[PDB]
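Coming up is one lone chain in structure tokens, specifically the form deposited in one PDB entry.
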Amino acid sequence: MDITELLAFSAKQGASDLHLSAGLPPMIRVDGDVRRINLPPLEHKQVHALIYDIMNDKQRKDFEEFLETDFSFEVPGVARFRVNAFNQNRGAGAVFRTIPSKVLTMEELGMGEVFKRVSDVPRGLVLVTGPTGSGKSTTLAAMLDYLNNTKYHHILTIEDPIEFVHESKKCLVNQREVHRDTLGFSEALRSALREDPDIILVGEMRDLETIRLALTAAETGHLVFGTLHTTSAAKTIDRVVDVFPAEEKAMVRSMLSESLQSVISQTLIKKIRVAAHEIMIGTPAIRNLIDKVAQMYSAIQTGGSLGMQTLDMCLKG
């Protein structure tokens, strides 16, 4: 009995995660809960076996050198998994996070015109944020899909790794997977500025160079999508400007305030699982606001007739 059977089983169960922990049977997180599969506990040896069985030298070298490591792993028919191996008090430990295979519709998600409208801006920056778990990628996928269905454009994405896979419809879609198709977000980004892209998607925004660059893309005339694990328009902004050395905030705050087209912060809630969105749209007033970002909320609250909304506001809905 090997890790594929297990992984396969996770998927068939709708599991978002598979957890291996020396000393316990495999468990899966489903609808947020983490629960044992009806199988015998896995002793250290076993889990460690299971793990090594799907790593290569490098990975095996790290894991042993640094006691923990990350890599992705694919189950051909089933799905791809993000995989983190680590050691704990009882022995080996690995968690598998299943990656959304299918890129779902906008209607399928019940998203409205507001989204299209945002997706339609000719250029500038759009940030779709949300606590790691709120399915950012999907909203994104859907918005991307929407353009791929309506514009004869060139969507260039940079993912670490690639999440959904899109089919080139009206758009040339080129997805580059960090570490396989490209050396990193910054390298890839630079190239992008000369790959004739219309729309650029940047998965993770780990280092400043990625931000820095991403901004120049928005500034030089493209439409760019990136994501932060901020949970609020206001926080999102702060987050972006605040990670820069004092001596450089101005230039960033300035840039952003000019290219920021909209910010969407998302989050999942248990359905009588449905997504709540805070929506903030670019607006001459808000532009300015971008050091008085404090007075952003009430701005969004009165932004209704453009389609904006407080998260709480959305909630009550």
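So that there is no doubt, residue numbering starts at 1 and follows the sequence shown. In this text, rigid core is short for the largest set of C-alphas that superpose within 1.5 Å between two forms.
In what follows, reference is made to the form deposited in another entry, a form of this protein that is not presented.
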property: Core-aligned CA displacement of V178 at least 2 Å between the shown form and the other one; result: no
property: After fitting the core, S257 CA displacement of 2 Å or more between the shown form and the other one; result: no
property: Residue shift check between the shown form and the other one, rigid core fit, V224 Cα at least 2 Å; result: no
